[PDB]
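Residue numbers (the working numbering), protein chains in the order written: chain X, 1 to 51; chain S, 52 to 102. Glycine is no exception: its CB is placed at the ideal position from the N, C-alpha and C atoms. Notes follow the structure.
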Amino acid sequence: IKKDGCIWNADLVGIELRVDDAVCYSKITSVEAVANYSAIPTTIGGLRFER
Amino acid sequence: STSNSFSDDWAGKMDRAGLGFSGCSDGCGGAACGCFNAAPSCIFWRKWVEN
Ligand SMILES: *[C@@H]1O[C@H](CO)[C@@H](O)[C@H](O)[C@H]1NC(C)=O
Numbered sequence: 001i002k003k004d005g006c007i008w009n010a011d012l013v014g015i016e017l018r019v020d021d022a023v024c025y026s027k028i029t030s031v032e033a034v035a036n037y038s039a040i041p042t043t044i045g046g047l048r049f050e051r
Numbered sequence: 052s053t054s055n056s057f058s059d060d061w062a063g064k065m066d067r068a069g070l071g072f073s074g075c076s077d078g079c080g081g082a083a084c085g086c087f088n089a090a091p092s093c094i095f096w097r098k099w100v101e102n
């Protein structure tokens, strides 16, 4: 994930600290997290999307 | 403002080339991209028309 080729805009990782802790929480969503996530067999509408 | 996208190698200096536009784009870095150092590679492109 080194620089010079990797692209990120802003606000992808948060910082949290109370007393000299500086703990980092995860915010990146996986592929199976957004809505309308289908699979290899798909029959949306009249089309039957195969592989 | 440098628009002369000719690194002493293009075939634009011909009588059959015609009209075109000296453009340029960006590339990738890495062993598969053609270099050995993570850095944006200057990739030039030239298009024209023929008859
Ligand atoms: C999922 O599909 C439905 C129906 O096409 C649509 O209304 C909805 O906005 C979609 N969800 C996303 C996150 O795009």
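Shorter than 8 Å from the beta carbon of residue i to some beta carbon of chain X?
i	result
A62 (chain S)	no
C75 (chain S)	no
Indicate whether residue i and residue j have their beta-carbon atoms separated by less than 8 Å.
i	j	result
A83 (chain S)	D4 (chain X)	no
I40 (chain X)	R51 (chain X)	yes
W96 (chain S)	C75 (chain S)	yes
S73 (chain S)	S92 (chain S)	no
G81 (chain S)	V100 (chain S)	no
On a CA-only basis, which of the options is nearest residue i? Give me that one, please.
i	options	result
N102 (chain S)	S:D77, S:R67 and S:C93	S:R67
Against chain S, does residue i count as a neighbour if the rule is that its beta carbon must be under 8 Å from one of theirs?
i	result
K2 (chain X)	yes
| query | Does the region 58-76 of chain S touch the region 25-39 of chain X, meaning 3 or more C-beta pairs lie closer than 8 Å? | reply | no
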